[PDB]
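Read the structure below first, then the notes.
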Amino acid sequence: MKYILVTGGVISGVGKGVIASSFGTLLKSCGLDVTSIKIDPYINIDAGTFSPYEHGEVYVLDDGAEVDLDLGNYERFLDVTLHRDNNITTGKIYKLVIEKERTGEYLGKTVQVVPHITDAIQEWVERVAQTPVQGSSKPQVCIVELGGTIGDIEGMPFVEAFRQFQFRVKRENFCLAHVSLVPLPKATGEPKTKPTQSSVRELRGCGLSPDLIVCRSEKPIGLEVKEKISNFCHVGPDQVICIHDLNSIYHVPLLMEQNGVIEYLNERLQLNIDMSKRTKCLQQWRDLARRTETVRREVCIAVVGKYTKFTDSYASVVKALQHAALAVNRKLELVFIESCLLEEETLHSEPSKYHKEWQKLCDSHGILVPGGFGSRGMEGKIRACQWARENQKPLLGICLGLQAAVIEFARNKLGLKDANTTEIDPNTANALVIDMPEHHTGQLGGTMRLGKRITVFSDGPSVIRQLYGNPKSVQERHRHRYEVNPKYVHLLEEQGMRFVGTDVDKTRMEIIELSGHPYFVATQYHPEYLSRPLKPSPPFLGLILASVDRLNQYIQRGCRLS
Amino acid sequence: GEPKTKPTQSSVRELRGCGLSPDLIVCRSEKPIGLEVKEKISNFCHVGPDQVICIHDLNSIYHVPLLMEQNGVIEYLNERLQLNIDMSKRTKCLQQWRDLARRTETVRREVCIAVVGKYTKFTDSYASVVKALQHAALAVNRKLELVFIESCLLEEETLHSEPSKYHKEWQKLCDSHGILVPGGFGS
Amino acid sequence: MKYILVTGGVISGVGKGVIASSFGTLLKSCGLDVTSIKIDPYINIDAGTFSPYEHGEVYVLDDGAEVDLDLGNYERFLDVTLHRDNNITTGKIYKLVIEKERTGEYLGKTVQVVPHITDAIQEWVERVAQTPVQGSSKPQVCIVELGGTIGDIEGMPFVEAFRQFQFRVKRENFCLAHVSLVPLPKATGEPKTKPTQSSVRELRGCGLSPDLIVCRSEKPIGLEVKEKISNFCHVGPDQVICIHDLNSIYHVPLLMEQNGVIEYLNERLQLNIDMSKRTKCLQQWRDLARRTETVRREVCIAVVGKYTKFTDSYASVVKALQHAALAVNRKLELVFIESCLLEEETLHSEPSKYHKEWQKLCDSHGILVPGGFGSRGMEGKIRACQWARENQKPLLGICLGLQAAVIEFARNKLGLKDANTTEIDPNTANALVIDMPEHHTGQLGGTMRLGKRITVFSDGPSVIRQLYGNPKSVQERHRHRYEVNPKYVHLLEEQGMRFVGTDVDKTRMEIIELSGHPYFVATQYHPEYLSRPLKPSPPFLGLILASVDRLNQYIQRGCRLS
């Protein structure tokens with residue numbers, strides 16, 4: 001079995017997830033099973049005890065628990081699924097060693113870091129290899145990647161463990177793909193290659209040998225720069241690959257083919273390949289770019305979030321909008337609006353950025369508000385949700401934001417100003433949204449709704465049911481813990497706020513709709529995880545068509561993409 | 001593209017259809033024309049070749065006396081009226097018009113002035129207001145940056161109708177540091 | 001005596017010369033003598049055997065030989081001079097060690113790197129301190145800097161030697177100013193600081209302790225970034241200084257004053273200071289910016305060089321034009337034109353960039369052609385020089401380019417197509433420019449005209465003589481080796497090409513002028529070295545006034561700046 005190792009480099013955040021994922025989708029279409037193993041050198045859990053919406057997201061995509069967010073790039077371009085055993089953290093390894101010392105496995109003697117830790121990491125590699133995906137036999141090439149930069153203390157036991165794993169097998173059963181960064185300030189001009197020389201020197205100071213020289217830059221360099229890398233890094237002249245800032249994320253496989261580095265992996269691993277045209281399939285990557293960079297209608301999409309610009313807490317949101325806009329020929333035009341700058345305190349302080357966020361939101365025709373962080377910015381989303389229901393503006397709530405929409409409907413339409421959720425102010429007389437935990441078999445205390453959860457529909461004629469083809473039982477991931485109190489839901493039966501989405505026990509509300517509005521759907525799950533370029537998410541298609549008034553003609557034809 | 005002179009020919013023909021004779025040919029254009037355009041006016045209007053004056057869209061309003069001096073039409077009025085003139089430098093005073101332009105088109109601090117009025121753009125009901133701000137900004141070296149905000153687009157009825165131009169007028173007003181609201185029209 | 005040490009960083013070429021020079025010019029006006037000591041870790045000579053016009057220049061500014069180009073930033077903002085003992089290279093140290101071992105100084109025993117090489121470097125520091133500038137007593141604070149990055153082999157003996165020098169003296173008699181770079185790609189957004197954390201870790205892995213945290217960025221950061229590095233670098237919160245891409249080079253002293261880091265050096269070294277306004281003099285740096293960023297006439301200056309953009313071979317040229325344009329209120333507008341793309345071969349190959357370089361040159365009103373590199377691009381400067389003499393265009397030749405102008409005058413005006421210099425084609429019948437070396441006392445073979453050389457004028461009424469105040473003997477640096485043959489100069493006496501600049505023996509021609517042309521001066525020396533913000537170079541003032549027709553009114557008033 002082959003193994004591809006992708007270590008760190010100068011920077012760890014420029015886009016290393018799509019670089020290692022390009023080699024997996026290139027050999028998957030040829031008839032080779034490719035698996036992914038994520039390594040996290042952080043001491044804390046990658047997503048268990050991590051912050052909700054701050055410096056990351058709770059990446060839950062077909063898994064009983066939660067793993068790192070970097071696993072998203074290894075599933076969209078491919079077609080396989082992963083589990084909790086693929087993501088390995090330093091904190092998880094420290095838990096199993098204590099269980100072995102108490103029972104008695106190391107002959108009662110003390111343990112160190114070698115050969116007491118380098119051998120334990122190799123054991124987890126064999127467990128994932130012998131357990132492939134549902135619908136295969138045995139993987140042939142694996143994609144191993146790790147987080148962080150190079151030279152840190154947390155990354156020392158990983159390099160020492162991988163240096164011995166290649167000696168146990170043959171020479172052609174292991175490779176290395178080192179990714180680096182080539183900075184270039186605007187005040188210098190000349191590509192002064194110096195930080196790249198220090199990154200490849202530390203990797204060779206452990207026992208490894210770089211094979212695939214990956215250098216990230218910002219513009220296509222000439223030929224005088226590659227001649228210096230061949231002698232400074234002491235590698236081959238054809239192993240240096242030039243990578244610059246691409247337009248999107250699907251242009252990575254289209255760049256490695258022009259440089260001529262695909263056939264280098266065949267002569268290094270000594271394997272067979274049954275190609276049709278040129279190496280990988282050309283009837284999928286080239287045809288996808290012909291539906292985006294051509295004719296565009298320029299659709300304006302304005303959403304409200306926590307930060308005024310793009311960051312790491314909105315990574316899975318900007319990627320799902322690109323896969324849903326290419327089907328109807330649209331251009332990605334998204335502006336980030338901070339929810340904290342929409343309250344009355346911001347207007348009395350700095351009114352400069354107050355009306356600026358409202359000017360870009362009123363001109364749009366689509367509202368997609370995700371979730372907030374605690375009670376910071378909850379009053380800002382109320383003023384933006386009360387207008388979408390009055391000016392026939394489409395609105396779609398992913399998660400958490402639904403709790404702020406049910407309270408607004410009880411104040412303007414009904415008239416319950418005292419109604420408030422128990423998370424912000426539990427001391428209230430109208431407990432609309434309370435905390436309803438789940439007590440499963442074997443679990444103690446108040447657990448959180450996350451994992452393999454199946455939801456059941458309720459009503460028949462619904463705009464959200466016809467998108468999936470009129471089913472009867474759909475399974476989707478969840479992460480929310482607060483639910484709607486089934487006591488105050490009797491008042492909403494006489495109004496237009498209908499409940500078309502329940503659970504199994506018919507005691508929790510997830511999908512709700514409003515009568516009379518052309519497009520007002522508010523759900524609780526996350527449709528961006530169950531999306532892919534081969535088949536986008538149905539909920540994200542109804543929001544794009546509603547912004548251009550092309551939704552009524554999609555159901556009459558029979559929904560070609562359901 | 002080509003300066004097709006035809007509406008001007010009908011304007012100078014109606015004036016000659018009463019008993020008058022055009023002496024000072026004033027032509028308003030948008031860019032400095034060459035020499036082939038003035039040759040047609042000398043025969044179409046049946047006037048002198050030196051009487052045609054080229055006037056284009058100026059930057060302000062005080063650049064009018066500085067344009068007629070370069071064309072050389074000041075001495076034409078002296079030989080037409082047969083009068084005397086006691087000049088010091090060149091025709092008119094040069095220590096006032098040339099020194100005034102040296103305090104405006106030089107260094108500017110870019111001051112943002114946003115006012116609220118009746119129309120969203122310049123019109124005839126705000127002529128004396130835009131002229132008084134130019135004479136007061138040249139003393140402290142400032143650049144004229146004025147934006148018109150409609151008072152009718154600042155109520156609650158505009159927000160419920162078309163909120164596109166509602167917050168746009170507030171964004172340009174909050175960034176400024178000066179409010180000069182004139183008067184409205186009725187209620 | 002105090003010593004300020006400025007080590008390397010992540011990158012080597014962003015502008016470390018203007019960073020260390022800010023601390024020298026700030027204490028010089030207060031009444032403290034500041035000296036500069038340059039350390040070059042390169043094995044080859046910094047300018048002795050270095051290439052002429054390729055990856056650097058021959059920096060000769062008041063010195064018997066040549067030193068590194070990085071010493072230019074330490075002399076323009078200040079007012080002192082340096083010698084050959086300030087620049088210390090690794091190749092120069094290896095020459096004196098062999099002489100000491102052959103004679104007998106190390107007791108006959110072998111030598112190593114400690115304590116055999118660390119003590120030899122400290123001896124050169126005492127020799128420069130005891131020999132100050134001409135017109136002082138003894139320096140109090142020194143500025144020690146070194147080239148290259150951090151972590152190289154050539155820089156290891158320098159860090160070990162400087163680590164012990166601070167222990168021989170007191171604690172407050174030595175400091176350290178570590179410079180770093182904070183990259184931020186345009187595809188990330190968040191200031192992911194990681195290469196800076198690795199630069200401060202390698203410096204502390206020897207024995208030094210950073211005191212002045214200098215970080216180079218591209219935009220003013222907030223407050224969440226400074227608090228993050230203080231805990232990683234384990235330094236003080238007030239020691240972190242934010243430096244971004246400035247507009248010019250004189251804005252460095254104006255940035256450190258706003259952050260409030262000037263008084264930190266007083267409490268660290270325990271010295272006295274007699275300030276007038278606020279620390280340094282405010283009647284020089286603030287008044288200089290009021291003559292550049294105000295009213296500009298937008299002058300178009302187009303020159304012909306070797307590269308199409310700015311590089312390291314034209315550093316001293318772009319800095320001298322800024323000091324001469326602020327006196328008459330002008331804006332820096334310079335475009336680089338490659339001389340190789342001006343011949344007939346470029347027109348027959350790629351005519352896209354051929355007429356583009358001529359379009360920006362004809363619209364300008366000033367020609368300042370420096371020197372070429374060998375015989376690559378000599379025919380391109382001939383076509384650009386034959387037009388400046390016919391369309392009354394100002395032309396000024398720095399060096400080497402004069403050889404290509406004297407041949408053009410002999411072909412178009414005279415009629416000697418066979419005339420050619422001996423450097424390109426020595427096999428000719430009209431040896432116009434030959435090689436005339438100089439044989440000084442004690443020197444053998446053919447030497448090169450470089451060092452303390454004094455030139456003598458010839459004619460009286462000249463446009464170049466009145467710029468200096470009508471002298472009689474001027475001293476200037478030189479580097480050229482080829483001279484004009486005194487045999488073929490008799491034909492130029494009957495034409496307008498007069499010789500107003502000779503040497504001592506009246507056998508070499510340097511400054512030549514043309515009769516009838518309004519401004520056509522061609523010299524051989526370099527006026528950009530003898531320039532300073534307090535008094536710019538006279539030759540560069542006659543070229544700016546000729547581009548705007550403001551030169552005839554400068555001599556009538558009596559030349560206020562001569």
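Following the order of the structure tokens, first chain is A, next is B, and so on, with residues numbered from 1 inside each chain and ligands from 1 in the order they appear.
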
Could the residues of chain A that have an atom at most 7 Å from chain C be listed as a tab-separated table, each with its closest atom pair and the distance in Å to one decimal, counting only C-alpha atoms and ordered by chain and ascending residue number?
residue	atom	partner	partner_atom	distance
A:10	CA	C:195	CA	6.3
A:11	CA	C:194	CA	6.3
A:14	CA	C:188	CA	5.9
A:183	CA	C:183	CA	6.9
A:188	CA	C:14	CA	5.9
A:190	CA	C:311	CA	6.8
A:194	CA	C:11	CA	6.1
A:195	CA	C:10	CA	6.2
A:311	CA	C:190	CA	6.8

Write the residues you've just listed into a file as a PDB file, in the first residue's frame, and include C-alpha atoms for each of them.
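Writing the result to result_23.pdb gives the following:
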ATOM      1  CA  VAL A  10       6.337  28.255   6.199  1.00  0.00           C
ATOM      2  CA  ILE A  11       2.647  29.060   6.757  1.00  0.00           C
ATOM      3  CA  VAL A  14      -2.989  29.654   3.092  1.00  0.00           C
ATOM      4  CA  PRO A 183       6.561  35.580  -0.003  1.00  0.00           C
ATOM      5  CA  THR A 188      10.899  44.674  -3.177  1.00  0.00           C
ATOM      6  CA  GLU A 190      12.570  40.689  -6.905  1.00  0.00           C
ATOM      7  CA  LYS A 194      14.891  32.960   1.634  1.00  0.00           C
ATOM      8  CA  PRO A 195      12.009  31.755   3.870  1.00  0.00           C
ATOM      9  CA  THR A 311     -12.249  34.403   8.089  1.00  0.00           C
TER      10      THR A 311
END

**Request:** Once DSSP has gone over the backbone, tell me which residues of chain B are in strand (DSSP E), as a PyMOL selection string.
**Result:** chain B and resi 25-28+52-55+113-117+146-150

With N, CA and C atoms retained, export the selected residues as a short mmCIF file (atom, residue, chain, number, x, y, z; two decimals), in the first residue's frame.
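Contents of again-v1.cif, as written:
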data_model
loop_
_atom_site.label_atom_id
_atom_site.label_comp_id
_atom_site.auth_asym_id
_atom_site.auth_seq_id
_atom_site.Cartn_x
_atom_site.Cartn_y
_atom_site.Cartn_z
N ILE B 25 -19.24 87.38 -31.37
CA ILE B 25 -19.71 86.02 -31.57
C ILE B 25 -19.27 85.18 -30.38
N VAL B 26 -20.23 84.75 -29.57
CA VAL B 26 -19.97 83.93 -28.39
C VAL B 26 -20.56 82.55 -28.66
N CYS B 27 -19.71 81.53 -28.67
CA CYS B 27 -20.12 80.16 -28.92
C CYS B 27 -19.74 79.30 -27.72
N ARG B 28 -20.74 78.65 -27.13
CA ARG B 28 -20.54 77.78 -25.97
C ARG B 28 -20.39 76.34 -26.44
N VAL B 52 -15.10 85.58 -33.64
CA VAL B 52 -15.54 84.30 -33.11
C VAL B 52 -14.67 83.95 -31.90
N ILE B 53 -15.31 83.74 -30.76
CA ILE B 53 -14.63 83.39 -29.51
C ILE B 53 -15.04 81.98 -29.12
N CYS B 54 -14.07 81.16 -28.74
CA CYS B 54 -14.31 79.78 -28.35
C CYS B 54 -14.47 79.71 -26.83
N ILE B 55 -15.63 79.23 -26.38
CA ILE B 55 -15.93 79.08 -24.96
C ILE B 55 -16.38 77.65 -24.72
N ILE B 113 -18.67 67.99 3.08
CA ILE B 113 -19.82 68.81 3.45
C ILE B 113 -21.06 68.16 2.85
N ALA B 114 -21.98 67.72 3.71
CA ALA B 114 -23.21 67.07 3.30
C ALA B 114 -24.39 67.86 3.83
N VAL B 115 -25.27 68.30 2.92
CA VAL B 115 -26.45 69.07 3.28
C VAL B 115 -27.69 68.30 2.83
N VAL B 116 -28.83 68.67 3.40
CA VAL B 116 -30.11 68.07 3.08
C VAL B 116 -30.99 69.12 2.41
N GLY B 117 -31.55 68.77 1.26
CA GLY B 117 -32.38 69.69 0.51
C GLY B 117 -33.63 69.06 -0.05
N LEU B 146 -19.66 68.76 -2.14
CA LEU B 146 -21.03 68.87 -1.67
C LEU B 146 -21.90 67.80 -2.32
N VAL B 147 -22.76 67.18 -1.51
CA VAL B 147 -23.68 66.15 -1.97
C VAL B 147 -25.09 66.55 -1.57
N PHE B 148 -26.03 66.42 -2.50
CA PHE B 148 -27.42 66.81 -2.26
C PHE B 148 -28.20 65.63 -1.70
N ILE B 149 -28.89 65.85 -0.59
CA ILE B 149 -29.71 64.84 0.07
C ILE B 149 -31.15 65.33 0.09
N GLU B 150 -32.06 64.50 -0.41
CA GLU B 150 -33.47 64.86 -0.44
C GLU B 150 -34.09 64.67 0.93
#

**Message:** Based on only C-alpha atoms, which of the residues in chain A come within 8 Å of chain B? I want them as a PyMOL selection string.
**Reply:** chain A and resi 351-353+355-356+358-359+362-363

Write a file of the selected residues as an mmCIF file, in the first residue's frame, keeping N, CA and C atoms.
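Printed below is selection.cif as written:
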data_model
loop_
_atom_site.group_PDB
_atom_site.id
_atom_site.type_symbol
_atom_site.label_atom_id
_atom_site.label_comp_id
_atom_site.auth_asym_id
_atom_site.auth_seq_id
_atom_site.Cartn_x
_atom_site.Cartn_y
_atom_site.Cartn_z
ATOM 1 N N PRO A 351 -21.930 55.895 13.630
ATOM 2 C CA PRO A 351 -22.921 55.658 12.576
ATOM 3 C C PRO A 351 -22.345 55.563 11.172
ATOM 4 N N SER A 352 -21.019 55.520 11.023
ATOM 5 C CA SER A 352 -20.423 55.440 9.693
ATOM 6 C C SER A 352 -20.657 54.071 9.068
ATOM 7 N N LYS A 353 -20.322 53.005 9.792
ATOM 8 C CA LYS A 353 -20.529 51.647 9.301
ATOM 9 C C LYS A 353 -21.906 51.095 9.644
ATOM 10 N N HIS A 355 -25.192 52.476 8.634
ATOM 11 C CA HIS A 355 -26.019 52.497 7.434
ATOM 12 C C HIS A 355 -25.324 51.880 6.229
ATOM 13 N N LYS A 356 -24.007 51.669 6.300
ATOM 14 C CA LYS A 356 -23.299 51.049 5.186
ATOM 15 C C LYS A 356 -23.671 49.577 5.047
ATOM 16 N N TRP A 358 -26.556 48.308 5.986
ATOM 17 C CA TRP A 358 -27.948 48.238 5.552
ATOM 18 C C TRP A 358 -28.095 48.587 4.078
ATOM 19 N N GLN A 359 -27.178 49.392 3.536
ATOM 20 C CA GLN A 359 -27.270 49.775 2.130
ATOM 21 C C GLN A 359 -26.961 48.595 1.217
ATOM 22 N N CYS A 362 -30.170 45.868 1.610
ATOM 23 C CA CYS A 362 -31.457 46.171 0.992
ATOM 24 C C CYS A 362 -31.415 45.994 -0.520
ATOM 25 N N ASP A 363 -30.253 46.217 -1.140
ATOM 26 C CA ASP A 363 -30.138 46.052 -2.584
ATOM 27 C C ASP A 363 -30.106 44.588 -3.001
#

**Message:** Could you check the closest approach to residue 20 in chain A for each of A:62, A:145, A:408, A:70 and tell me which residue wins, using only C-alpha atoms?
**Reply:** A:145

**Request:** Identify, on the basis of only C-alpha atoms, every residue whose closest approach to residue 185 in chain B does not exceed 12 Å; exclude the query and any residue fewer than 5 positions from it along the same chain; express the result as a list in words.
**Result:** residues 117, 118, 119, 125, 150, 151 and 152 of chain B

Would you mind exporting C-alpha atoms of the selected residues as a PDB file, in the first residue's frame?
ATOM      1  CA  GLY B 117     -32.380  69.694   0.511  1.00  0.00           C
ATOM      2  CA  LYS B 118     -35.291  69.031  -1.844  1.00  0.00           C
ATOM      3  CA  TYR B 119     -33.583  67.469  -4.886  1.00  0.00           C
ATOM      4  CA  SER B 125     -33.414  76.191  -6.618  1.00  0.00           C
ATOM      5  CA  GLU B 150     -33.473  64.860  -0.444  1.00  0.00           C
ATOM      6  CA  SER B 151     -35.477  65.589   2.700  1.00  0.00           C
ATOM      7  CA  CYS B 152     -38.394  63.471   1.451  1.00  0.00           C
TER       8      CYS B 152
END

For residue 135 in chain B, please output as a PDB file with N, CA and C atoms, in the first residue's frame all residues within 12 Å (counting only C-alpha atoms; exclusion window: fewer than 6 positions along the same chain).
ATOM      1  N   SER B  60     -15.041  76.424 -13.033  1.00  0.00           N
ATOM      2  CA  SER B  60     -15.850  77.192 -12.095  1.00  0.00           C
ATOM      3  C   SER B  60     -16.540  78.352 -12.801  1.00  0.00           C
ATOM      4  N   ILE B  61     -16.668  79.484 -12.115  1.00  0.00           N
ATOM      5  CA  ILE B  61     -17.326  80.654 -12.683  1.00  0.00           C
ATOM      6  C   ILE B  61     -16.404  81.859 -12.805  1.00  0.00           C
ATOM      7  N   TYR B  62     -15.253  81.871 -12.138  1.00  0.00           N
ATOM      8  CA  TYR B  62     -14.327  82.993 -12.210  1.00  0.00           C
ATOM      9  C   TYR B  62     -13.288  82.836 -13.313  1.00  0.00           C
ATOM     10  N   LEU B 100      -6.346  84.830  -7.325  1.00  0.00           N
ATOM     11  CA  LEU B 100      -7.454  84.093  -6.726  1.00  0.00           C
ATOM     12  C   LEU B 100      -7.391  82.610  -7.065  1.00  0.00           C
ATOM     13  N   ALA B 101      -6.920  82.267  -8.265  1.00  0.00           N
ATOM     14  CA  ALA B 101      -6.834  80.866  -8.659  1.00  0.00           C
ATOM     15  C   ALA B 101      -5.683  80.140  -7.976  1.00  0.00           C
ATOM     16  N   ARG B 103      -5.186  79.983  -4.849  1.00  0.00           N
ATOM     17  CA  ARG B 103      -5.610  79.572  -3.517  1.00  0.00           C
ATOM     18  C   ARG B 103      -6.686  78.494  -3.555  1.00  0.00           C
ATOM     19  N   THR B 104      -7.014  77.978  -4.729  1.00  0.00           N
ATOM     20  CA  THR B 104      -8.048  76.957  -4.867  1.00  0.00           C
ATOM     21  C   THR B 104      -7.544  75.689  -5.538  1.00  0.00           C
ATOM     22  N   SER B 128     -27.713  80.085  -5.470  1.00  0.00           N
ATOM     23  CA  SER B 128     -26.994  80.997  -4.591  1.00  0.00           C
ATOM     24  C   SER B 128     -26.319  80.290  -3.424  1.00  0.00           C
ATOM     25  N   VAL B 129     -26.625  79.016  -3.191  1.00  0.00           N
ATOM     26  CA  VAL B 129     -26.020  78.279  -2.088  1.00  0.00           C
ATOM     27  C   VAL B 129     -24.672  77.689  -2.484  1.00  0.00           C
ATOM     28  N   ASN B 141      -8.121  77.212   2.197  1.00  0.00           N
ATOM     29  CA  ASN B 141      -7.659  76.148   1.311  1.00  0.00           C
ATOM     30  C   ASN B 141      -8.481  74.876   1.484  1.00  0.00           C
ATOM     31  N   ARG B 142      -9.673  74.845   0.892  1.00  0.00           N
ATOM     32  CA  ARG B 142     -10.547  73.684   0.946  1.00  0.00           C
ATOM     33  C   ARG B 142     -11.069  73.374  -0.450  1.00  0.00           C
ATOM     34  N   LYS B 143     -11.474  72.122  -0.643  1.00  0.00           N
ATOM     35  CA  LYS B 143     -12.013  71.651  -1.909  1.00  0.00           C
ATOM     36  C   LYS B 143     -13.525  71.506  -1.802  1.00  0.00           C
ATOM     37  N   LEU B 144     -14.229  71.942  -2.843  1.00  0.00           N
ATOM     38  CA  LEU B 144     -15.688  71.882  -2.863  1.00  0.00           C
ATOM     39  C   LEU B 144     -16.137  70.435  -3.027  1.00  0.00           C
TER      40      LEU B 144
END

**Request:** Show which residues sit within 7 Å of residue 522 in chain A, as a PyMOL selection string. Count only C-alpha atoms, and ignore same-chain residues fewer than 3 positions away.
**Result:** chain A and resi 396-397+402+511-513

**Request:** Please identify all polymer residues within 9 Å of range 437-445 of chain C, counting only C-alpha atoms, omitting same-chain residues fewer than 6 positions from it, and present them as a PyMOL selection string.
**Result:** chain C and resi 481-483

Residues from the last selection, C-alpha atoms, saved as a PDB file, in the first residue's frame:
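Contents of part_21.pdb, as written:
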ATOM      1  CA  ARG C 481      39.200  52.595 -16.770  1.00  0.00           C
ATOM      2  CA  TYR C 482      38.825  53.458 -20.471  1.00  0.00           C
ATOM      3  CA  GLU C 483      39.785  56.936 -21.676  1.00  0.00           C
TER       4      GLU C 483
END
